[PDB]
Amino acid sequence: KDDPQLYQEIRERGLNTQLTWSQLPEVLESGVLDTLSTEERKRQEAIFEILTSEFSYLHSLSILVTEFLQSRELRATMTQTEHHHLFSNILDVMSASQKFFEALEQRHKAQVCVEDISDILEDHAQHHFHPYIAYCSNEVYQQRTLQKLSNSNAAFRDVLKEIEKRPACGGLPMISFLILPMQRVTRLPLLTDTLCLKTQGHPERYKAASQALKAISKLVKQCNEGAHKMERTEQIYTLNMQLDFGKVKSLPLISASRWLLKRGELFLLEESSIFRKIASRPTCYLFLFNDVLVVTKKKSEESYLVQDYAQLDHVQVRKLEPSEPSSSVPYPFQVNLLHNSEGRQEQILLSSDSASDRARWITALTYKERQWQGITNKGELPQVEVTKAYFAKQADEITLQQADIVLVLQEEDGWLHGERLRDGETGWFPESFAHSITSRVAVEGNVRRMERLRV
């Protein structure tokens, strides 16, 4: 009943709208298989899928702990700090998962038909899944650590190749294992939701099922918040140091309430782009926070001199129209400071170099404007499912687990601007990583699911 499968490549039946509980020997021997409703059947199948899935996940965790964390040859290529960050508290995450699995196994063993699993769900989501928060909070660090190690450490690469060629990995890369606790936990509220769907015939148990859905959704949210707070806080301190407000009215950068939305260098335009040259082109670095746009000129890789700023309440952006009838300026747009750092108005004409940069800038700059558009008519939006998991590389991008359902808000030049079904998180990510959902059955059910998961 326990033949291993790596969770990386399993997709639960509980998520949408080869061993089964119907085929279990003790059920095929209790003969209760004819005397039961078509619905109590699907409820027992859901409880069993949570146990089967958690088993595959726990197995995949222990593969990660024995082949790569405990590798002496891998740890020899690193610092003790690099190792700490690369693996985080995966031991504590695993220990939690197994205590969770042991409680679930007990129930399945005691009765052919489980009364309920809802109490275990809620208990563990409130009092034992804290290591998940910590793991999710330090993803920023592990990814960062995994990057430099991948870029600047050849011994690391070689030893990693060799660990990955081993059989227990299944040829899957180390990263596929590190992101496993995030994948698992973000699927848990969906499975607990399936359990709620199949506990409607019963009044008292549906109570506990909804209890547990609330608790597990709070846990996943606490994880998402830990991740955001970690990145946003270090970003604000780092940028506060790097930005020079010497030559403008001082603006204090540090808030509990502030974070970065997008950043990048853009080329400066004159009103008349006609004598423009394509060499020694003037530049403008922009830091757009959630409440303020800051215009700077990059003097160093780690020093930016501030030239202007404006609360985003007072910033307008427009794509610029190509000149009327010769080769003219690529991908232009205009930024209007309505009330800038000196109370005046101001215009900045910029050129990005991709259709997608301009799109991402104009989307970011209308962050305050676009609030209603996403919420008003959600069922109308195309749905898409992510095939490969994606870790976010910029402030505007989004981190996506496998099988995440994403409503699409925009599409330009190989990049999708989307809203995740489960949490409502938004951002950009490349088209390569997702496939269009086409069935109206799915789309509809997934939107109903969205509203029932949301508070």
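Position 1 is the first residue in the sequence shown; the rest follow in order.
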- request: Using none, 1 to 3, 4 to 9 or 10 or more, say how many deposited residues go missing between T17 and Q18.
  value: 10 or more
- request: Read off the CA B-factors in the entry, average them over 419 to 427 and over 39 to 47, and name the higher stretch.
  value: 39 to 47
query: Out of 61 to 69 and 382 to 390, which one has CA B-factors that are higher on average in the deposited record?
result: 382 to 390
query: Which of these, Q200, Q143, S152, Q316, has its C-alpha atom at the highest B-factor, as the entry lists it?
result: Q200
task: By the entry's C-alpha temperature factors, tell me which of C136, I236, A279, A208 sits highest.
output: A208
message: Where does the C-alpha B-factor of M241 rank in its chain, lowest, middle or highest third?
response: lowest
query: Going by the entry, which third of its chain does the Cα temperature factor of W372 land in?
result: highest
Relative C-alpha B-factor of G264, binned into the chain's lowest, middle or highest third: lowest
- prompt: According to the PDB entry, is the CA B factor of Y331 in the bottom, middle or top third of its chain, that is, lowest, middle or highest?
  reply: middle
field: Record-listed C-alpha B factor of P181: chain third
entry: lowest
